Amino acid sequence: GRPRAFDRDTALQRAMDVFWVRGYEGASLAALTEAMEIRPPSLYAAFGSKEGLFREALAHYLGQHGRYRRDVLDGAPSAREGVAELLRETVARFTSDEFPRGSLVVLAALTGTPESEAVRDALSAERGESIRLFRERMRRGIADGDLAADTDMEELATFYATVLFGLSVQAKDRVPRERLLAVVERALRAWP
């Protein structure tokens, strides 16, 4: 029939940016439909609802900013170099302006009304996946021999995840890239 005037993945990209800056509940459909360059009935045709548009923008954000994480981790010769390389590239992405500062998963919905709890729980489970990414790379380190067998991998993974999440708050606070890279270097001194 009549052709579609927008490109799906491009409207999904602009919806992702608005969420990245205003958050899930902070993003009105006025601001969204303005960014995507579509009209409300077009938006609800492709995405179902505001929540459905966020879940698709989350999957979009993740595939474009959450797959580079495991590539850097497993591409390093040791678990310590993986955590170092991934924390350094994260600080780079957190401090260049090709994107907004900080991670969408950390910033988009930490608190809110009871109505948007499903969205908040989604971002919560995704933060647990960051811990799992760390913990999985440490399991390889113990097997490769570069990490002691009696290492508390859950504590080490959670510690560096705490630092990872904290860097989103610091990047949003406009802390310079040089100071964030010193945080990463200092956090590595805690390695066993």
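All residue numbers refer to positions in the sequence shown, first residue = 1.
The question of which stretch, 35 to 43 or 133 to 141, has the higher mean Cα B factor is settled in favour of 35 to 43. Note on 105 to 113 vs 69 to 77: mean CA B-factor is higher in 69 to 77.
Per the PDB record, residue ranking by Cα B-factor puts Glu178 in the middle third of the chain. In the deposited entry, the Cα temperature factor of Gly52 sits in the top third of values across the chain's modelled residues. The entry lists a Cα temperature factor for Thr151 that places it in the middle third of the chain's modelled residues. In the deposited entry, the Cα temperature factor of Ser28 sits in the middle third of values across the chain's modelled residues.
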